[PDB]
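Take a look at this single chain in structure tokens; it is the form deposited in one PDB entry.
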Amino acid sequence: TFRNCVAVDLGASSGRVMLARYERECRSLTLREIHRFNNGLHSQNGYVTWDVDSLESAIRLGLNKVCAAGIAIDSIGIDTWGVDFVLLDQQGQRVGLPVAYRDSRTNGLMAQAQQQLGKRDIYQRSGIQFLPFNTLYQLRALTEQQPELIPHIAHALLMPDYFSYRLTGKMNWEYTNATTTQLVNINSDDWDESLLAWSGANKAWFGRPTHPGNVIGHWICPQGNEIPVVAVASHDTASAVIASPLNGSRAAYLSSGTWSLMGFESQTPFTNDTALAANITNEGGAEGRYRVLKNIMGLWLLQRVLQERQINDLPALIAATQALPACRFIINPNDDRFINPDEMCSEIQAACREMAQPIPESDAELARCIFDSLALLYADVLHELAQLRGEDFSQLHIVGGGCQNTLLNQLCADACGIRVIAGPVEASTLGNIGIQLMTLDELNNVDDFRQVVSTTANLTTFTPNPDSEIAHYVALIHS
């Protein structure tokens, strides 16, 4: 009577196959990691790409581990990073390369679109923030730079639907992730004609976006039995918001991983002048609850400093960084220069040096710079979001792998002057499981699920410290 649901959660920095156990009467939700594997950017033939074949094999591995365990699997669901896509021919074979959002092929194309179509217009249609790597500009890059592929393309599937197709044989176009493309019209919940036209993409490459909960198809363990594959809120960030234990209207979330996604939930989008000027997005959510958020470059900066400096002990680095004075090195992480520079440490140091600031040179200094610069931006965005909706936030829920960074959790509380609740760590996985359970009729809605999470997950509270270094700094920048 307990249900066994599998989440496949693929991030930019890592992928995971996880198993969850749940039953209504007990209200208990347990997560088990089945298969953890690495994901990252591969330089392939002058492009920055994803190794989709290795991921699928890794996904199959994880699933086959659950079948051979002799576990009755009630459902499977896949969530990944947004924006990206895979092209398929008439037979199902991939067309072209699976290009990552970190690729430079889109450079300049966003500016061209705002010039040709109008900044206001694209925003009124999509309600999606302008990011230079949006699918709208990715498809322009493809149609302009590779026009010999066009005739072969029959279908375009976003990453999670691609992997759902590979397991089932059935194509899906999941709503919450479809919205990350800047190609869906916010008033119709279907693909925008004019935006598709500018991108050069064909409307027939896509089906009508469908809201989370439908069964895409089925997957077969090496013995026979059918396991339903559910279209979850397939955008990883959409899943993480679902699993965030939000306490009604005045709670904000920060989905913290490679990216920091800061926002709130609304039943109505914000597409006015204030939202455009602040560059807010209205990404699709479960239940039609718009995820009104902003992208913050996030721990991507730390990830890159780790590799380049050859640091294999992150907790040790964080512990040392805590001994260093706050807010002496400040950059703007959302600067385009940080999207994918060759030398991250040099970029961060160059940016500091340009502002006549002392140069962060040690490992701890570079981490200090990153954590402090993020926390100040967290503060800025939170003010921007509260000012937009005309309402304060009582608490900030930090979820994701980044929520294990207790230093950054406290810095964020202190800079934002707000109570921080950290947890759950694997929010995307949990939200993925959450939707499956509703499809199985084990769970009634998202509010139902968030109560399970808030009485199941480990939640750590961070109280904002007014006499903190970063708090001192933030009060100073007011007058």
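If you superpose the two forms and keep the largest set of C-alpha atoms that fall within 1.5 Å, you have the rigid core. Numbers for residues come from their place in the sequence shown, where the first is 1.
In what follows, reference is made to the form deposited in another entry, a form of this protein that is not presented.
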| property | result |
| --- | --- |
| Rigid-core-referenced C-alpha movement of 2 Å or more between the shown form and the other one, selected from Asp74, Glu265, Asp190, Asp363 | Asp363 |
| Core superposition between the shown form and the other one, C-alpha change of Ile418 at least 2 Å | yes |
| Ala323 C-alpha shift between the shown form and the other one of 2 Å or more, rigid core reference | yes |
| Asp121: Cα shift of 2 Å or greater between the shown form and the other one (core-aligned) | no |
